[PDB]
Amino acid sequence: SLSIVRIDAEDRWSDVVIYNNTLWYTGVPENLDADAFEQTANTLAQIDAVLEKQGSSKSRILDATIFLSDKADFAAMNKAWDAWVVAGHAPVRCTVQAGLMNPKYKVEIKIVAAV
């Protein structure tokens, strides 16, 4: 559909937007003092739950942009990603180090997925 659907949840930093059978969402860490692996692993779990609640799923992710605050955390974030990603159904994947909006975020994950 060409009618935009927007979804706000109290426990969730980003809205979800659905349009033209496509879904956008940004995953942000919930446990600020946690390390990069935890934040990546738990943000990937957040994303699954958000996609499922709107019928989609981690199998239907088209493109993912992982922003990291520190180059030292690449290994940890690959380790989480690699434990979660669906073999043969993986999204196109962008990973860049950049400054994040909260100094305690080690990771932030933009998602575009099919609905």
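Residue numbers here begin at 1 and follow the sequence given.
For the two regions 69 to 77 and 40 to 48, the entry's Cα B-factors average higher over 69 to 77. Ranked against the other modelled residues of its chain, the C-alpha B-factor of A113 as given in the entry falls in the lowest third. Residue-level temperature factors show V96 in the highest third of its chain, judged at the C-alpha atom. When all modelled residues of the chain are sorted by CA temperature factor, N21 is found within the lowest third. In the PDB entry, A83 places in the lowest third of its chain by CA B-factor. Among all modelled residues in its chain, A34 ranks in the highest third by Cα B-factor.
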